[PDB]
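Quick look at start_30.cif (mmCIF, N, CA, C and O atoms):
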```
data_work
loop_
_atom_site.group_PDB
_atom_site.id
_atom_site.type_symbol
_atom_site.label_atom_id
_atom_site.label_comp_id
_atom_site.auth_asym_id
_atom_site.auth_seq_id
_atom_site.Cartn_x
_atom_site.Cartn_y
_atom_site.Cartn_z
ATOM 1 N N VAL W 1 76.778 241.984 -64.439
ATOM 2 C CA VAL W 1 75.285 241.933 -64.479
ATOM 3 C C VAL W 1 74.837 240.873 -65.492
ATOM 4 O O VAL W 1 75.489 240.659 -66.495
ATOM 5 N N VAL W 2 73.730 240.236 -65.205
ATOM 6 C CA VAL W 2 73.214 239.185 -66.134
ATOM 7 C C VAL W 2 71.729 239.420 -66.410
ATOM 8 O O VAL W 2 70.986 239.810 -65.529
ATOM 9 N N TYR W 3 71.328 239.183 -67.628
ATOM 10 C CA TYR W 3 69.892 239.390 -67.984
ATOM 11 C C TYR W 3 69.120 238.072 -67.876
ATOM 12 O O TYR W 3 69.674 237.053 -67.518
ATOM 13 N N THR W 4 67.855 238.123 -68.192
ATOM 14 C CA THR W 4 67.028 236.883 -68.111
ATOM 15 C C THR W 4 67.036 236.149 -69.458
ATOM 16 O O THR W 4 67.775 236.503 -70.355
ATOM 17 N N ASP W 5 66.213 235.141 -69.569
ATOM 18 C CA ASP W 5 66.161 234.377 -70.850
ATOM 19 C C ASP W 5 65.128 235.002 -71.794
ATOM 20 O O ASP W 5 64.342 235.838 -71.392
ATOM 21 N N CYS W 6 65.149 234.582 -73.029
ATOM 22 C CA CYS W 6 64.179 235.148 -74.012
ATOM 23 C C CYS W 6 62.918 234.283 -74.087
ATOM 24 O O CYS W 6 62.889 233.175 -73.587
ATOM 25 N N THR W 7 61.902 234.814 -74.713
ATOM 26 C CA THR W 7 60.629 234.046 -74.846
ATOM 27 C C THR W 7 60.025 234.279 -76.236
ATOM 28 O O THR W 7 59.101 233.600 -76.638
ATOM 29 N N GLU W 8 60.564 235.243 -76.935
ATOM 30 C CA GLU W 8 60.051 235.541 -78.307
ATOM 31 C C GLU W 8 61.222 235.910 -79.224
ATOM 32 O O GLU W 8 62.338 236.070 -78.773
ATOM 33 N N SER W 9 60.942 236.039 -80.489
ATOM 34 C CA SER W 9 62.029 236.400 -81.444
ATOM 35 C C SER W 9 62.067 237.917 -81.653
ATOM 36 O O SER W 9 61.038 238.544 -81.820
ATOM 37 N N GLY W 10 63.253 238.470 -81.636
ATOM 38 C CA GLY W 10 63.391 239.944 -81.835
ATOM 39 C C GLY W 10 63.917 240.613 -80.562
ATOM 40 O O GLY W 10 64.422 241.716 -80.607
ATOM 41 N N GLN W 11 63.788 239.937 -79.449
ATOM 42 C CA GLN W 11 64.288 240.536 -78.173
ATOM 43 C C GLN W 11 65.758 240.933 -78.338
ATOM 44 O O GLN W 11 66.293 240.889 -79.428
ATOM 45 N N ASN W 12 66.385 241.309 -77.256
ATOM 46 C CA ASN W 12 67.818 241.698 -77.360
ATOM 47 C C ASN W 12 68.568 241.370 -76.063
ATOM 48 O O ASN W 12 69.388 240.477 -76.035
ATOM 49 N N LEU W 13 68.273 242.094 -75.011
ATOM 50 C CA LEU W 13 68.988 241.821 -73.725
ATOM 51 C C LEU W 13 68.414 240.567 -73.068
ATOM 52 O O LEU W 13 67.515 240.639 -72.255
ATOM 53 N N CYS W 14 68.955 239.443 -73.443
ATOM 54 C CA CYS W 14 68.471 238.159 -72.865
ATOM 55 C C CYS W 14 69.534 237.073 -73.062
ATOM 56 O O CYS W 14 70.714 237.361 -73.112
ATOM 57 N N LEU W 15 69.086 235.848 -73.167
ATOM 58 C CA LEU W 15 70.045 234.718 -73.375
ATOM 59 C C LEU W 15 69.591 233.883 -74.576
ATOM 60 O O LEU W 15 68.692 233.072 -74.470
ATOM 61 N N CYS W 16 70.223 234.104 -75.695
ATOM 62 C CA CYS W 16 69.835 233.344 -76.919
ATOM 63 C C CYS W 16 70.735 232.114 -77.099
ATOM 64 O O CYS W 16 70.255 231.000 -77.159
ATOM 65 N N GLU W 17 72.018 232.338 -77.183
ATOM 66 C CA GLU W 17 72.950 231.178 -77.355
ATOM 67 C C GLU W 17 73.281 230.568 -75.988
ATOM 68 O O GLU W 17 74.150 231.044 -75.285
ATOM 69 N N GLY W 18 72.581 229.523 -75.647
ATOM 70 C CA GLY W 18 72.841 228.860 -74.339
ATOM 71 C C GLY W 18 72.665 229.851 -73.188
ATOM 72 O O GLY W 18 71.557 230.151 -72.790
ATOM 73 N N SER W 19 73.772 230.336 -72.676
ATOM 74 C CA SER W 19 73.705 231.309 -71.539
ATOM 75 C C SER W 19 74.461 232.594 -71.891
ATOM 76 O O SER W 19 74.709 233.423 -71.037
ATOM 77 N N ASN W 20 74.815 232.733 -73.140
ATOM 78 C CA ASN W 20 75.549 233.964 -73.558
ATOM 79 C C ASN W 20 74.555 235.096 -73.836
ATOM 80 O O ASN W 20 73.455 234.858 -74.297
ATOM 81 N N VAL W 21 74.961 236.303 -73.552
ATOM 82 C CA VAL W 21 74.039 237.455 -73.784
ATOM 83 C C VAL W 21 74.205 238.011 -75.205
ATOM 84 O O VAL W 21 75.299 238.311 -75.640
ATOM 85 N N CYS W 22 73.100 238.133 -75.889
ATOM 86 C CA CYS W 22 73.128 238.677 -77.282
ATOM 87 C C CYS W 22 72.021 239.724 -77.424
ATOM 88 O O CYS W 22 70.860 239.378 -77.518
ATOM 89 N N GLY W 23 72.384 240.982 -77.443
ATOM 90 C CA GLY W 23 71.317 242.016 -77.554
ATOM 91 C C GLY W 23 71.811 243.316 -78.186
ATOM 92 O O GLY W 23 72.063 243.378 -79.374
ATOM 93 N N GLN W 24 71.923 244.328 -77.365
ATOM 94 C CA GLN W 24 72.359 245.667 -77.871
ATOM 95 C C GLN W 24 73.431 245.536 -78.951
ATOM 96 O O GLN W 24 74.391 244.808 -78.801
ATOM 97 N N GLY W 25 73.233 246.251 -80.025
ATOM 98 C CA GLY W 25 74.219 246.197 -81.135
ATOM 99 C C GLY W 25 73.838 245.112 -82.142
ATOM 100 O O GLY W 25 74.368 245.067 -83.235
ATOM 101 N N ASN W 26 72.926 244.256 -81.761
ATOM 102 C CA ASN W 26 72.521 243.169 -82.697
ATOM 103 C C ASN W 26 71.046 242.792 -82.502
ATOM 104 O O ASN W 26 70.333 243.414 -81.738
ATOM 105 N N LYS W 27 70.630 241.773 -83.210
ATOM 106 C CA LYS W 27 69.215 241.301 -83.102
ATOM 107 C C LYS W 27 69.213 239.787 -82.866
ATOM 108 O O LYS W 27 70.042 239.082 -83.407
ATOM 109 N N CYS W 28 68.283 239.318 -82.070
ATOM 110 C CA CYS W 28 68.236 237.848 -81.779
ATOM 111 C C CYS W 28 66.940 237.217 -82.293
ATOM 112 O O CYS W 28 65.878 237.804 -82.216
ATOM 113 N N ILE W 29 67.072 236.024 -82.810
ATOM 114 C CA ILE W 29 65.882 235.286 -83.330
ATOM 115 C C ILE W 29 65.796 233.934 -82.615
ATOM 116 O O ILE W 29 66.786 233.243 -82.476
ATOM 117 N N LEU W 30 64.621 233.577 -82.181
ATOM 118 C CA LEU W 30 64.486 232.278 -81.458
ATOM 119 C C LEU W 30 64.451 231.108 -82.456
ATOM 120 O O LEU W 30 64.743 231.277 -83.623
ATOM 121 N N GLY W 31 64.108 229.946 -81.952
ATOM 122 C CA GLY W 31 64.052 228.722 -82.812
ATOM 123 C C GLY W 31 63.633 229.042 -84.246
ATOM 124 O O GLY W 31 62.492 229.364 -84.509
ATOM 125 N N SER W 32 64.576 228.950 -85.149
ATOM 126 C CA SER W 32 64.253 229.222 -86.581
ATOM 127 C C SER W 32 63.328 228.120 -87.101
ATOM 128 O O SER W 32 62.123 228.215 -86.989
ATOM 129 N N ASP W 33 63.923 227.090 -87.644
ATOM 130 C CA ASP W 33 63.113 225.946 -88.154
ATOM 131 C C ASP W 33 63.265 224.769 -87.179
ATOM 132 O O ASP W 33 64.061 223.873 -87.385
ATOM 133 N N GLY W 34 62.508 224.809 -86.116
ATOM 134 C CA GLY W 34 62.619 223.720 -85.109
ATOM 135 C C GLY W 34 64.039 223.706 -84.543
ATOM 136 O O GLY W 34 64.419 222.811 -83.817
ATOM 137 N N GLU W 35 64.795 224.716 -84.896
ATOM 138 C CA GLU W 35 66.204 224.796 -84.404
ATOM 139 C C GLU W 35 66.286 225.656 -83.138
ATOM 140 O O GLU W 35 65.286 225.950 -82.516
ATOM 141 N N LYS W 36 67.486 226.033 -82.784
ATOM 142 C CA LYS W 36 67.669 226.873 -81.564
ATOM 143 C C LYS W 36 67.671 228.366 -81.927
ATOM 144 O O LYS W 36 67.307 228.743 -83.023
ATOM 145 N N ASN W 37 68.095 229.180 -80.996
ATOM 146 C CA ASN W 37 68.122 230.653 -81.251
ATOM 147 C C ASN W 37 69.409 231.052 -81.988
ATOM 148 O O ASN W 37 70.347 230.285 -82.067
ATOM 149 N N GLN W 38 69.420 232.255 -82.509
ATOM 150 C CA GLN W 38 70.632 232.732 -83.244
ATOM 151 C C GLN W 38 70.789 234.252 -83.079
ATOM 152 O O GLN W 38 69.814 234.977 -83.032
ATOM 153 N N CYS W 39 72.017 234.700 -82.993
ATOM 154 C CA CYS W 39 72.256 236.168 -82.831
ATOM 155 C C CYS W 39 72.580 236.809 -84.187
ATOM 156 O O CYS W 39 73.705 236.761 -84.640
ATOM 157 N N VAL W 40 71.582 237.398 -84.798
ATOM 158 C CA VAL W 40 71.811 238.054 -86.126
ATOM 159 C C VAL W 40 71.825 239.580 -85.967
ATOM 160 O O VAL W 40 70.988 240.143 -85.291
ATOM 161 N N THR W 41 72.776 240.216 -86.594
ATOM 162 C CA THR W 41 72.858 241.703 -86.481
ATOM 163 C C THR W 41 71.576 242.352 -87.020
ATOM 164 O O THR W 41 71.030 241.922 -88.015
ATOM 165 N N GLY W 42 71.122 243.375 -86.343
ATOM 166 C CA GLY W 42 69.881 244.064 -86.801
ATOM 167 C C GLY W 42 69.365 245.018 -85.718
ATOM 168 O O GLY W 42 70.140 245.589 -84.974
ATOM 169 N N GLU W 43 68.063 245.167 -85.655
ATOM 170 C CA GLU W 43 67.461 246.082 -84.629
ATOM 171 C C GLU W 43 66.437 245.324 -83.779
ATOM 172 O O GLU W 43 65.383 244.957 -84.259
ATOM 173 N N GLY W 44 66.771 245.112 -82.528
ATOM 174 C CA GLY W 44 65.834 244.376 -81.621
ATOM 175 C C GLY W 44 65.579 245.179 -80.344
ATOM 176 O O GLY W 44 66.364 246.029 -79.973
ATOM 177 N N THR W 45 64.481 244.890 -79.699
ATOM 178 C CA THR W 45 64.154 245.620 -78.440
ATOM 179 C C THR W 45 64.639 244.782 -77.227
ATOM 180 O O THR W 45 64.617 243.569 -77.280
ATOM 181 N N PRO W 46 65.070 245.438 -76.147
ATOM 182 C CA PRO W 46 65.542 244.708 -74.962
ATOM 183 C C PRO W 46 64.474 243.726 -74.472
ATOM 184 O O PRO W 46 63.456 243.550 -75.112
ATOM 185 N N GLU W 47 64.734 243.104 -73.351
ATOM 186 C CA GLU W 47 63.742 242.133 -72.794
ATOM 187 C C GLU W 47 63.067 242.750 -71.534
ATOM 188 O O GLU W 47 63.659 242.756 -70.472
ATOM 189 N N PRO W 48 61.841 243.261 -71.664
ATOM 190 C CA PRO W 48 61.154 243.886 -70.519
ATOM 191 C C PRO W 48 60.964 242.885 -69.373
ATOM 192 O O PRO W 48 61.533 241.809 -69.386
ATOM 193 N N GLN W 49 60.173 243.269 -68.410
ATOM 194 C CA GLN W 49 59.931 242.368 -67.244
ATOM 195 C C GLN W 49 58.441 242.358 -66.889
ATOM 196 O O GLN W 49 57.722 243.095 -67.545
#
```
What does the file become when written as structure tokens?
Amino acid sequence: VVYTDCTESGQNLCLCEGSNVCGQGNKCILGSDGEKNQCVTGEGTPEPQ
């Protein structure tokens, strides 16, 4: 199964690093400082539809 892409910071079940899935068990942050997304451990909500 594959999820969709992210659109905000804090999501979880989506695609942060290129096309890799980073969600449950961790937290994802989008473009930090004009940079790309990053998978940081924490508490994030899945990606609704």
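Interatomic distance, CA of residue 32 in chain W against atom O of residue 2 in chain W: 24.5 Å.
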At a cut-off of 7 Å, using only N, CA, C and O atoms, what residues contact range 5-9 of chain W? Leave out same-chain residues fewer than 5 positions from it and give the result as a VMD selection string.
chain W and resid 14 to 16 28 to 31 47 to 48
re atom C of residue 36 in chain W and atom C of residue 49 in chain W: distance 22.5 Å
Radius query 4.5 Å about (64.4, 242.4, -83.5), atoms used: all atoms listed in the file, as a ChimeraX atom specification
/W:10,43-44
Determine the residue set returned by the PyMOL selection byres (((chain W and resi 21 and name CA) around 12) and name CA) for the present structure, and present it as a PyMOL selection string.
chain W and resi 1-6+11-20+22-28+37-39+46-47
Atoms to include: N, CA, C and O atoms. Write the selected residues as an mmCIF file, in the coordinates of the input.
```cif
data_model
loop_
_atom_site.group_PDB
_atom_site.id
_atom_site.type_symbol
_atom_site.label_atom_id
_atom_site.label_comp_id
_atom_site.auth_asym_id
_atom_site.auth_seq_id
_atom_site.Cartn_x
_atom_site.Cartn_y
_atom_site.Cartn_z
ATOM 1 N N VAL W 1 76.778 241.984 -64.439
ATOM 2 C CA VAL W 1 75.285 241.933 -64.479
ATOM 3 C C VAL W 1 74.837 240.873 -65.492
ATOM 4 O O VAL W 1 75.489 240.659 -66.495
ATOM 5 N N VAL W 2 73.730 240.236 -65.205
ATOM 6 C CA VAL W 2 73.214 239.185 -66.134
ATOM 7 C C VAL W 2 71.729 239.420 -66.410
ATOM 8 O O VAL W 2 70.986 239.810 -65.529
ATOM 9 N N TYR W 3 71.328 239.183 -67.628
ATOM 10 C CA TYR W 3 69.892 239.390 -67.984
ATOM 11 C C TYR W 3 69.120 238.072 -67.876
ATOM 12 O O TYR W 3 69.674 237.053 -67.518
ATOM 13 N N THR W 4 67.855 238.123 -68.192
ATOM 14 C CA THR W 4 67.028 236.883 -68.111
ATOM 15 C C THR W 4 67.036 236.149 -69.458
ATOM 16 O O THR W 4 67.775 236.503 -70.355
ATOM 17 N N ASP W 5 66.213 235.141 -69.569
ATOM 18 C CA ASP W 5 66.161 234.377 -70.850
ATOM 19 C C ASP W 5 65.128 235.002 -71.794
ATOM 20 O O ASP W 5 64.342 235.838 -71.392
ATOM 21 N N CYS W 6 65.149 234.582 -73.029
ATOM 22 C CA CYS W 6 64.179 235.148 -74.012
ATOM 23 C C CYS W 6 62.918 234.283 -74.087
ATOM 24 O O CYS W 6 62.889 233.175 -73.587
ATOM 25 N N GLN W 11 63.788 239.937 -79.449
ATOM 26 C CA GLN W 11 64.288 240.536 -78.173
ATOM 27 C C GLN W 11 65.758 240.933 -78.338
ATOM 28 O O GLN W 11 66.293 240.889 -79.428
ATOM 29 N N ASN W 12 66.385 241.309 -77.256
ATOM 30 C CA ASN W 12 67.818 241.698 -77.360
ATOM 31 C C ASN W 12 68.568 241.370 -76.063
ATOM 32 O O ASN W 12 69.388 240.477 -76.035
ATOM 33 N N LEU W 13 68.273 242.094 -75.011
ATOM 34 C CA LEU W 13 68.988 241.821 -73.725
ATOM 35 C C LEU W 13 68.414 240.567 -73.068
ATOM 36 O O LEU W 13 67.515 240.639 -72.255
ATOM 37 N N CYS W 14 68.955 239.443 -73.443
ATOM 38 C CA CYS W 14 68.471 238.159 -72.865
ATOM 39 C C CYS W 14 69.534 237.073 -73.062
ATOM 40 O O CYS W 14 70.714 237.361 -73.112
ATOM 41 N N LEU W 15 69.086 235.848 -73.167
ATOM 42 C CA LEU W 15 70.045 234.718 -73.375
ATOM 43 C C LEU W 15 69.591 233.883 -74.576
ATOM 44 O O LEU W 15 68.692 233.072 -74.470
ATOM 45 N N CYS W 16 70.223 234.104 -75.695
ATOM 46 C CA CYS W 16 69.835 233.344 -76.919
ATOM 47 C C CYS W 16 70.735 232.114 -77.099
ATOM 48 O O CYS W 16 70.255 231.000 -77.159
ATOM 49 N N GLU W 17 72.018 232.338 -77.183
ATOM 50 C CA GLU W 17 72.950 231.178 -77.355
ATOM 51 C C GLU W 17 73.281 230.568 -75.988
ATOM 52 O O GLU W 17 74.150 231.044 -75.285
ATOM 53 N N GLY W 18 72.581 229.523 -75.647
ATOM 54 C CA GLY W 18 72.841 228.860 -74.339
ATOM 55 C C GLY W 18 72.665 229.851 -73.188
ATOM 56 O O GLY W 18 71.557 230.151 -72.790
ATOM 57 N N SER W 19 73.772 230.336 -72.676
ATOM 58 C CA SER W 19 73.705 231.309 -71.539
ATOM 59 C C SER W 19 74.461 232.594 -71.891
ATOM 60 O O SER W 19 74.709 233.423 -71.037
ATOM 61 N N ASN W 20 74.815 232.733 -73.140
ATOM 62 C CA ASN W 20 75.549 233.964 -73.558
ATOM 63 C C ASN W 20 74.555 235.096 -73.836
ATOM 64 O O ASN W 20 73.455 234.858 -74.297
ATOM 65 N N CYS W 22 73.100 238.133 -75.889
ATOM 66 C CA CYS W 22 73.128 238.677 -77.282
ATOM 67 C C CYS W 22 72.021 239.724 -77.424
ATOM 68 O O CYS W 22 70.860 239.378 -77.518
ATOM 69 N N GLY W 23 72.384 240.982 -77.443
ATOM 70 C CA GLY W 23 71.317 242.016 -77.554
ATOM 71 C C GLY W 23 71.811 243.316 -78.186
ATOM 72 O O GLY W 23 72.063 243.378 -79.374
ATOM 73 N N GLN W 24 71.923 244.328 -77.365
ATOM 74 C CA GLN W 24 72.359 245.667 -77.871
ATOM 75 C C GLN W 24 73.431 245.536 -78.951
ATOM 76 O O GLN W 24 74.391 244.808 -78.801
ATOM 77 N N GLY W 25 73.233 246.251 -80.025
ATOM 78 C CA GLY W 25 74.219 246.197 -81.135
ATOM 79 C C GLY W 25 73.838 245.112 -82.142
ATOM 80 O O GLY W 25 74.368 245.067 -83.235
ATOM 81 N N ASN W 26 72.926 244.256 -81.761
ATOM 82 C CA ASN W 26 72.521 243.169 -82.697
ATOM 83 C C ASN W 26 71.046 242.792 -82.502
ATOM 84 O O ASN W 26 70.333 243.414 -81.738
ATOM 85 N N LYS W 27 70.630 241.773 -83.210
ATOM 86 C CA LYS W 27 69.215 241.301 -83.102
ATOM 87 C C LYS W 27 69.213 239.787 -82.866
ATOM 88 O O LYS W 27 70.042 239.082 -83.407
ATOM 89 N N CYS W 28 68.283 239.318 -82.070
ATOM 90 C CA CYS W 28 68.236 237.848 -81.779
ATOM 91 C C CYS W 28 66.940 237.217 -82.293
ATOM 92 O O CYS W 28 65.878 237.804 -82.216
ATOM 93 N N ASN W 37 68.095 229.180 -80.996
ATOM 94 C CA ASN W 37 68.122 230.653 -81.251
ATOM 95 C C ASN W 37 69.409 231.052 -81.988
ATOM 96 O O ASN W 37 70.347 230.285 -82.067
ATOM 97 N N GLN W 38 69.420 232.255 -82.509
ATOM 98 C CA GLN W 38 70.632 232.732 -83.244
ATOM 99 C C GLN W 38 70.789 234.252 -83.079
ATOM 100 O O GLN W 38 69.814 234.977 -83.032
ATOM 101 N N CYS W 39 72.017 234.700 -82.993
ATOM 102 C CA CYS W 39 72.256 236.168 -82.831
ATOM 103 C C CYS W 39 72.580 236.809 -84.187
ATOM 104 O O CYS W 39 73.705 236.761 -84.640
ATOM 105 N N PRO W 46 65.070 245.438 -76.147
ATOM 106 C CA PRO W 46 65.542 244.708 -74.962
ATOM 107 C C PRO W 46 64.474 243.726 -74.472
ATOM 108 O O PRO W 46 63.456 243.550 -75.112
ATOM 109 N N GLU W 47 64.734 243.104 -73.351
ATOM 110 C CA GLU W 47 63.742 242.133 -72.794
ATOM 111 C C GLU W 47 63.067 242.750 -71.534
ATOM 112 O O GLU W 47 63.659 242.756 -70.472
#
```
Run DSSP on the backbone and give me the residues of chain W it puts in strand (DSSP E), as a ChimeraX atom specification.
/W:27-29,38-40
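What separates atom O of residue 45 in chain W from atom N of residue 33 in chain W is a distance of 19.5 Å.
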